[PDB]
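To start, the structure under review is shown below, and the notes come after it.
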Amino acid sequence: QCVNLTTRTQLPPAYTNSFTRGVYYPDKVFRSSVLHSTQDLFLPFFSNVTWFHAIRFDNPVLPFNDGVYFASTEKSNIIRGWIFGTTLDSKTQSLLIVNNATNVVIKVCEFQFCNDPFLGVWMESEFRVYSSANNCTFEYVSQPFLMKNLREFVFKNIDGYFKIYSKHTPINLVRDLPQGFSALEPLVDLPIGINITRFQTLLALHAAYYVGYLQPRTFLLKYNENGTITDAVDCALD
Amino acid sequence: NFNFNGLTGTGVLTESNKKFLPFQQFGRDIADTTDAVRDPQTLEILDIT
Ligand SMILES: *[C@@H]1O[C@H](CO)[C@@H](O)[C@H](O)[C@H]1NC(C)=O
Numbered sequence: 014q015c016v017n018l019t020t021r022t023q024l025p026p027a028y029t030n031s032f033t034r035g036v037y038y039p040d041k042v043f044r045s046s047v048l049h050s051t052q053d054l055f056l057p058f059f060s061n062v063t064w065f066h067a068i078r079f080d081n082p083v084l085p086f087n088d089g090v091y092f093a094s095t096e097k098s099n100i101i102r103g104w105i106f107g108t109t110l111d112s113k114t115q116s117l118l119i120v121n122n123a124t125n126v127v128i129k130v131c132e133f134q135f136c137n138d139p140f141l142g143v152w153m154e155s156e157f158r159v160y161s162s163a164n165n166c167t168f169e170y171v172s173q174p175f176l177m187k188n189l190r191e192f193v194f195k196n197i198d199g200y201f202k203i204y205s206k207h208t209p210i211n212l213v214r215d216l217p218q219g220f221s222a223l224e225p226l227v228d229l230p231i232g233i234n235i236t237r238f239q240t241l242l243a244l245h263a264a265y266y267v268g269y270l271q272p273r274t275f276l277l278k279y280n281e282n283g284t285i286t287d288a289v290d291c292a293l294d
Numbered sequence: 540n541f542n543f544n545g546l547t548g549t550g551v552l553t554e555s556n557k558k559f560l561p562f563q564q565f566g567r568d569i570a571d572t573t574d575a576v577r578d579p580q581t582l583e584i585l586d587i588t
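Chains B and C supply the protein sequences, listed in that same order.
According to the deposited numbering, the stretch in the first sequence is residues 14 to 68, 78 to 143, 152 to 177, 187 to 245, 263 to 294, in order.
Under the deposited numbering, think of the first position of the second sequence as 540, with each following residue one higher.
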């Protein structure tokens with residue numbers, strides 16, 4: 014049920030984006046007034062976070087370097103999801119993450135995705159994203175992340200285990216990610232069992265988004281007197 | 540002895556006065572020794588002395 018727009022907007026896969034102090038809580042351990050040194054995959058501060066224009079939909083399949091961060095700023099929640107896997111062209115499995123019916127739904131399967139996938143909008155529909163799927167591995171459902188509000192997420196895939204952490208704040212500046220400390224809360228944890236080397240965004244049609269990459273670096277997380285993170289350092293960024 | 544959904548060790552149990560944020564299930568002191576824990580099913584904080 015695809016719209017057949019195949020917009021194929023052509024923009025360079027790079028963008029200068031000011032970005033700092035975006036971390037996720039690495040564990041479920043509470044520490045009071047402790048500086049914690051953690052070795053994990055985080056978006057280096059002031060790293061390349063590509064900004065994609067959308068509907078003319080700029081949505082090339084982009085590399086997943088260790089893991090990625092995504093964010094968008096739209097009141098109507100027009101962006102509904104993300105697609106992750108080795109090729110995303112039905113030859114391999116991919117992770118389809120969507121947001122509809124005030125919930126978060128994830129399916130890991132081999133999907134016949136449209137080159138410019140959209141969610142149908152009334153009645154909503156997934157068949158405008160892909161026509162069919164087979165050789166399925168996993169399904170997950172969780173609470174909605176919805177609240187121009189900024190929705191910042193980190194997407195990781197460690198040894199077949201997929202995680203999403205997120206934070207949501209109102210935003211006045213939409214040309215750059217907001218600055219200041221932000222720590223993300225875990226939303227999903229799935230045994231997807233697949234190789235993610237590439238990804239693409241899912242948009243509902245009647263949209264622009266940021267995406268960064270992670271590196272295995274030490275981060276210093278500054279914890280407060282009651283366990284929250286108030287600041288962060290990206291080891292050897294500079 | 541304890542085995543709270545995989546967390547093990549020994550101690551004397553009393554009620555905790557340490558509040559955890561939604562992000563955490565267990566806590567630690569200076570030198571990283573587990574002290575307060577959240578019960579795996581009940582949303583209350585328990586201290587392991
Ligand atoms: C991202 O890389 C591009 C190269 O085209 C560069 O122009 C831009 O300044 C970089 N952005 C950041 C934040 O490093």
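We put the CB at the ideal spot given by N, CA and C, even for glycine.
- Per the C-alpha coordinates, the member of B:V130, B:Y170, B:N121, B:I128 positioned closest to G142 (chain B) is B:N121.
- With 16 or more other CB atoms across the displayed protein chains lying within 10 angstroms of its CB, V36 (chain B) is buried.
- Taking CB atoms only, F541 (chain C) has no neighbour in chain B less than 8 Å away.
- For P579 (chain C), no CB of chain B lies under 8 Å from its own CB, so it is not counted at the interface with that chain.
- By the C-beta density criterion, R190 (chain B) is buried, having at least 16 other C-beta atoms within 10 angstroms.
- Just measuring C-alpha positions, the residue of C:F559, C:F565, C:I569 sitting nearest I587 (chain C) is C:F565.
- For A263 (chain B) against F79 (chain B), the beta-carbon gap comes to about 7 Å, under 8 Å, which counts as contact.
- Per DSSP, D294 (chain B) has no beta bridge partner at all.
- Residue-level contact check: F220 (chain B) does not touch chain C, since none of the beta carbons of chain C fall below 8 Å from its beta carbon.
- Contacts between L560 (chain C) and chain B, judged by CB atoms closer than 8 Å, involve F43, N282, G283, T284 in chain order.
- With its beta carbon less than 8 Å from one in chain C, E224 (chain B) belongs to the interface.
- With distances taken between CA atoms, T19 (chain B) lies nearest to B:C136 out of B:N87, B:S60, B:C136.
- With a threshold of 8 Å between beta carbons, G566 (chain C) makes contact with chain B.
- No Cβ-Cβ contact shorter than 8 Å links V90 (chain B) with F220 (chain B).
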